[PDB]
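J.: Taken in order, these protein sequences are the chains called Bq, BH, BS, Bm and BM.
Mind the numbering: the first sequence is residues 3 to 107, 184 to 221 in PDB author numbering, read in order.
Counted from 1, the second sequence has number 32 at position 32 by PDB author numbering; the numbering is strictly sequential.
Counted from 1, the third sequence has number 45 at position 45 by PDB author numbering; the numbering is strictly sequential.
Numbering-wise, PDB author numbering comes out as the position in the fourth sequence, counting from 1, plus 76.
Numbering-wise, PDB author numbering comes out as the position in the fifth sequence, counting from 1, plus 1.
Please find one structure pasted underneath; my questions will follow.
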Amino acid sequence: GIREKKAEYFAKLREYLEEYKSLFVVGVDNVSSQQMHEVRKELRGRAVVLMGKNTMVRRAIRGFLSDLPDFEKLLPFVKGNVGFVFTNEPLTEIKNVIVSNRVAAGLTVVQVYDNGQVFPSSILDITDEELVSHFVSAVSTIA
Amino acid sequence: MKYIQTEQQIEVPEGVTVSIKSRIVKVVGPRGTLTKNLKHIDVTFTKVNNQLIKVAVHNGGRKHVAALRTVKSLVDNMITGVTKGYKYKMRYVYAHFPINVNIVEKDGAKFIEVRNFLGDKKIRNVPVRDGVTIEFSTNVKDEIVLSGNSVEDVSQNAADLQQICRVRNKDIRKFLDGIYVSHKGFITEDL
Amino acid sequence: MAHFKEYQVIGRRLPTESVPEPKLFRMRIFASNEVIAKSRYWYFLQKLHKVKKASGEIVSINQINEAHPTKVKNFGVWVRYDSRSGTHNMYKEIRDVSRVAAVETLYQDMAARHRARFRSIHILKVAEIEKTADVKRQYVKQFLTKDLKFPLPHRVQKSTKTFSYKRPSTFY
Amino acid sequence: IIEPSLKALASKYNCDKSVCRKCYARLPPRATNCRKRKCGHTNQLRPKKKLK
Amino acid sequence: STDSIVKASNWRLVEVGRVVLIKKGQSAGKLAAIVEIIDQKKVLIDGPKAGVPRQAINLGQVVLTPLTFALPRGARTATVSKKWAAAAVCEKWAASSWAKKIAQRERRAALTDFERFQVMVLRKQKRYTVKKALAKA
RNA sequence: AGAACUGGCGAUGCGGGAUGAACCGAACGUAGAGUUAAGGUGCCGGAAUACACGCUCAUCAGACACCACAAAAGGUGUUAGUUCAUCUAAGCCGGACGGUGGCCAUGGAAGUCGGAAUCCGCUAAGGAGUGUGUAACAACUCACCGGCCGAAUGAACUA
RNA sequence: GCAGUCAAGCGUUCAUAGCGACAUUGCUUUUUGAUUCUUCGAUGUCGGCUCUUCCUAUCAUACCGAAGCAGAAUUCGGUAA
Ligand SMILES: [Zn+2]
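Spelled out as structure tokens, the structure:
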């Protein structure tokens, strides 16, 4: 079916939410024939990327209102065409490995998914310097 | 099959006022004011607010209904013409004899006058329509620019100028000389 | 073929010592009087069973009146008919107050649009359409929308006399 | 002589057209039917032919 | 001016609750209500109060009036009556010139020859006092 | 031009078909009153510019048996219908592409002269520069592109 | 005699610029036949001369659209008698 096929996208996607802990939503608006894709085999020990037809992509979301509602915060960034890096860690280094494939003028990310957050991404934990000197900085300002 | 009602919508932007009475439409904005007789079509107007006026046909067949959108458009271009305005640009195109183009007048009239077309000794004249105003670009070679509130009158006056240079008895794929419409858009709002 | 009434026609093959009590068959026939209806009964039966009215008999003929002759219904109409160049099945919809009212417009419509006289059409089925939006046909759906209203522009009143001392208006 | 882009301009008018095969009308290049009543609005169209 | 002005034809609408005046037939003269629209040409009407029988009618033998009252569509005769009454439809009609002229015209037509004579004599009286007025200011 | 059965014309007016041997109606003493036939009822002209639902717009409409002709074939005119497919899991605006110039031929020959197949594949785009300009730099600009989108939609057909 | 529909083929390549087989629908009544209705107590043959008028299936001339229209020349086609 084609509602099988609609569902099919739904089926797998949910499964991938339920198969990874992190998720990078990388923007895949524009960009097209042969290049990046062929690097992705090589990068598929970390992720699944999926390109697909938008209204379909949206309706997948509708089917996921059932649980894991934090994916609702992906929703304002569904726009255009976006694509998935289903993922576990680094979100700021591994991510950058994924990013690097050869730019165009940055190929081509314009959005982030960080489990309810939307970084640059470039800051997430590196010294616990927002938890020993910035979880007590107005404790510092006033004891 | 007869459509029991069918309607279209006309956004009135800030600063303009459209008033219609027995299908005679008067549209007024910052640029000026246009009017148009719509008596030849049975359509009914209805003002929802000052931003928005509707047009319907009641119980109409296909061809009638086809008249609906077209009324909407005509009235839309009245509103655009009197806010942003219209501008059509042309280019002289000639392989050899340069086409020599000026404004001239008789009885305070105003004509676009075209000389040397394909080396012709004859002079071509095109009356400049009222409301439409002619310029000549300063920094595009051979340009000619007609503008005004009335797309109808600008566009026809441009058409008149190109139709007057047609090239008779020559293969018109080889002999491409002419004045052609090269761009068309608005007075205000970039180019 | 006129102002229609609908009849139950019930008939059967004549009894034989071999088969007394032969099976009974019914048709609902739309016609204007009962002579036509029984004609019509036989015309159809002959195309469906070996029987000519010379071997059969009509057991009962009864007019079927519309049950709710002022509820407005949307009817599905199924029709077989002949064109100048072949024969066709066709589904149409009709909005009306009675089958008998619907069927009559069916016949006018087959005449107007397809130039089908009565001899050329068979009514296959006629049925109230239960649930709105099982209605399939735009030109009837149009009437089904909520709080439906429309004007009747350009009213022409008929005049009783030949001259009139005022220029008329179409104002409704 | 004549810059490429103006030759192109001139061609939208002079040559990027199609032609009715019954009645010869100069027609829009993406047209499906002839606009003319004399040929029955035929849909027998061909491209206008390009120079050498 | 400076508002957009658009006068819009204010047609009497065929609609549930629209009240109509029957031109032809046996219910000629009487008021009924549109209950349900059948198509661009037919409607179900019902005039319980004037005693015009709920029936499918062709719009061409009816004339739309300006009056309309609240009536759910499909409403059967009983509830048509309740609603027509609640609404005071006859009250409104009677008050109209339209209904008044019909009444006037009806009354004239019933005048006796003697009565016609009296109207003459009375008219001549009114006339008289009028012409002297129309002559003073 | 020549036969079959019947009915006609010829031998026959009358009413209708404008007209007209043969069609339709109906056959004939002199008349009155009524009623019809076939055919008609905007006006010529006796009789509804009657009632009802549609369909049709022709810069060559059409308009009534015999009868005073039109066909193949076409139409994105407009009407109603059919079948197949999409769709609550009409239809619109952009995604239609790589390994492998794969394997026979041969500038190229790819899906893309030609022969035989078309197997697998994967899900993201800057042409050493289009021009101005310099023998050549600089600057601006654009290419597998679309936001898509909102109880119908797409295609092929019938008359 | 004149005009179409289909499109295999022609046309270096390319069905339809111009053409167009096998088939197939028509139109015309200046060809020639077929018929024998009128005229055999009469309707004066062929051609030319002279003169008027009409048709259009247009040769020229006006304005156009096509092209295997570069120019010149032509050819196809429209409105046109
Ligand atoms: Zn054509």
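We put the CB at the ideal spot given by N, CA and C, even for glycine.
1. Could you give the first and the last residue of the continuous alpha helix (DSSP H) run that contains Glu-107(BM)?
2. Between the Cα of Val-82(BH) and the Cα atoms of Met-1(BH), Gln-156(BH), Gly-15(BH) and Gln-51(BH), which residue gives the shortest distance?
3. Nearer than 7 Å: is that true of the beta carbon of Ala-107(Bm) relative to any heavy atom of ligand 1?
4. With a 10 Å radius around its C-beta and 16 neighbouring C-beta atoms as the bar for buried, classify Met-90(BH) as buried or exposed.
5. Could you tell me whether the segment 66–82 of chain BS touches the segment 42–52 of chain BS, using the rule of 3 or more Cβ pairs below 8 Å?
6. Does the Cβ of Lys-112(Bm) lie closer than 7 Å to at least one heavy atom of ligand 1?
7. Please confirm whether any heavy atom of ligand 1 lies closer than 7 Å to the CB of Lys-93(Bm).
8. Using CA coordinates, which residue listed in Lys-122(BH), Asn-100(BH) and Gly-85(BH) is at the minimum distance from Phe-186(BH)?
9. Taking its Cβ as the centre, do 16 or more other Cβ atoms sit within 10 Å of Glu-116(BM), making it buried, or is it exposed?
10. Which chain BS residues are close to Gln-5(BH), counting only those with a beta carbon under 8 Å from its beta carbon?
11. Are the segment 20–35 of chain Bq and the segment 86–94 of chain Bq touching, with three or more C-beta to C-beta distances below 8 Å?
12. What residue range does the beta strand (DSSP E) around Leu-121(Bm) cover?
13. Less than 8 Å between the beta carbons of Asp-177(BH) and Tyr-94(BH), yes or no?
14. Quick one: using the 10 Å Cβ neighbour count with 16 as the cut-off for buried, is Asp-192(Bq) buried or exposed?
15. Within a Cβ cutoff of 6 Å, which residues of the same chain sit near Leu-144(BS), ignoring the five residues on either side of it in sequence?
16. Is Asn-100(BH) helix, strand or coil by DSSP?
17. Under the criterion of a Cβ to heavy atom distance below 7 Å, does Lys-146(BS) qualify as lining ligand 1?
18. Whole angstroms are fine: how far does the CA of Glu-152(BH) sit from the CA of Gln-142(BS)?
19. Is it buried or exposed for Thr-44(BH), if we count other Cβ within 10 angstroms and need 16 for buried?
20. Can you give me the start and stop residues for the beta strand (DSSP E) that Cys-96(Bm) sits inside?
21. Beta-carbon within less than 7 Å of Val-51(BS)'s beta-carbon, same chain only, minus the 5 sequence neighbours each way: which residues are those?
22. In whole angstroms, what separates the C-alpha of residue 173(BS) from that of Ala-102(BS)?
23. Inspect the beta-carbon positions of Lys-42(BM) and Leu-60(BM) and report whether they are closer than 8 Å.
24. Where does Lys-101(BM) land, buried or exposed, given buried means 16+ other C-beta within 10 angstroms?
25. When every heavy atom of ligand 1 is checked, does at least one fall within less than 7 Å of the C-beta of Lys-124(Bm)?
26. Check whether the Cβ of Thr-118(Bm) lies closer than 7 Å to any heavy atom of ligand 1, and answer yes or no.
27. Is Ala-34(BM) helix, strand or coil by DSSP?
28. Under 7 Å from any heavy atom of ligand 1, does the C-beta of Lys-8(BM) make it?
29. CB-CB under 7 Å to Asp-76(BH), same chain, minus the five flanking residues each way: which ones, in chain order?
30. Pick out whichever of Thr-17(BH), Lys-47(BH), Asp-42(BH) and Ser-22(BH) has its Cα sitting closest to the Cα of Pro-30(BH).
31. Leaving out five residues on either side along the sequence, give the residues of the same chain with a beta carbon under 6 Å from the beta carbon of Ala-31(BS).
32. According to DSSP, is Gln-37(Bq) helix, strand or coil?
33. Would you say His-64(BH) lies against chain BS (beta-carbon separation less than 8 Å)?
34. Of the choices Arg-23(BH), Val-154(BH), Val-167(BH) and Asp-42(BH), whose alpha-carbon is the least far from that of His-58(BH)?
35. Any contact of the segment 92–102 of chain Bq with the segment 193–205 of chain Bq, i.e. 3+ C-beta pairs under 8 Å?
36. Quick one: which residues of the segment 19–53 of chain BH get their C-beta closer than 8 Å to a C-beta of chain BM? List them in chain order.
T.: Quick answer:
1. Looking at the DSSP string, the run of the alpha helix (DSSP H) that includes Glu-107(BM) is 98–110.
2. Residue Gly-15(BH) is the option with its Cα nearest to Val-82(BH).
3. Incorrect: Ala-107(Bm) has no Cβ contact closer than 7 Å to ligand 1.
4. By the Cβ-count criterion, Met-90(BH) is buried, with 16 or more other Cβ atoms from all chains shown falling within 10 Å of its own Cβ.
5. Touching, no, given that fewer than three Cβ pairs across the two stretches are closer than 8 Å.
6. Using a cutoff of 7 Å, the CB of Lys-112(Bm) counts as near ligand 1, since one of the ligand's heavy atoms is closer than that.
7. False, no ligand heavy atom lies under 7 Å from that Cβ.
8. Looking at the Cα atoms, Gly-85(BH) is the closest of the given residues.
9. That one is exposed.
10. Residues of chain BS with a Cβ closer than 8 Å to the Cβ of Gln-5(BH) are, in chain order, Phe-150.
11. Yes, they touch.
12. Where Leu-121(Bm) is concerned, the enclosing beta strand (DSSP E) stretches over 121–123.
13. The answer is yes: Cβ separation under 8 Å.
14. By the neighbour-count rule (16 or more Cβ atoms within 10 Å), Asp-192(Bq) is buried.
15. Spatial neighbours of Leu-144(BS) in its own chain (CB-CB distance under 6 Å, excluding positions within 5 residues in sequence) are listed in chain order as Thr-132.
16. Here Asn-100(BH) sits in strand by DSSP.
17. No, ligand 1 has no heavy atom inside 7 Å of this Cβ.
18. Approximately 37 Å, taken between the alpha carbons.
19. With 16 or more Cβ atoms within 10 Å of its Cβ, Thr-44(BH) is classed as buried.
20. Per DSSP, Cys-96(Bm) belongs to the beta strand (DSSP E) from 94–96.
21. Counting only Cβ-Cβ distances below 7 Å, and skipping sequence neighbours, we find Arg-13 and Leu-45.
22. Since the first residue of chain BS shown is 1 and the last is 172, residue 173(BS) is not available in this structure.
23. With contacts defined as CB atoms closer than 8 Å, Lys-42(BM) and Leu-60(BM) qualify as a contacting pair.
24. By the beta-carbon neighbour count (other beta carbons within 10 angstroms, threshold 16), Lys-101(BM) is exposed.
25. Incorrect: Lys-124(Bm) has no Cβ contact closer than 7 Å to ligand 1.
26. Yes, since a heavy atom of ligand 1 falls inside the 7 Å radius drawn around the Cβ of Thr-118(Bm).
27. Note: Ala-34(BM) maps to strand in three-state DSSP.
28. Flag unset: Cβ of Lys-8(BM) not near ligand 1.
29. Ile-10.
30. When only C-alpha atoms are compared, the closest one is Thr-17(BH).
31. So the qualifying residues of the chain are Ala-37 and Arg-40.
32. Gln-37(Bq) falls in the coil class under three-state DSSP.
33. Judged by the 8 Å Cβ criterion, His-64(BH) is not in contact with chain BS.
34. The option with the nearest alpha carbon to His-58(BH) is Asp-42(BH).
35. Counting Cβ pairs under 8 Å, three or more are found: they touch.
36. Under the 8 Å Cβ criterion, the segment 19–53 of chain BH contributes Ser-19, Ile-20, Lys-21, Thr-44, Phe-45, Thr-46, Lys-47, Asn-50 and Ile-53.
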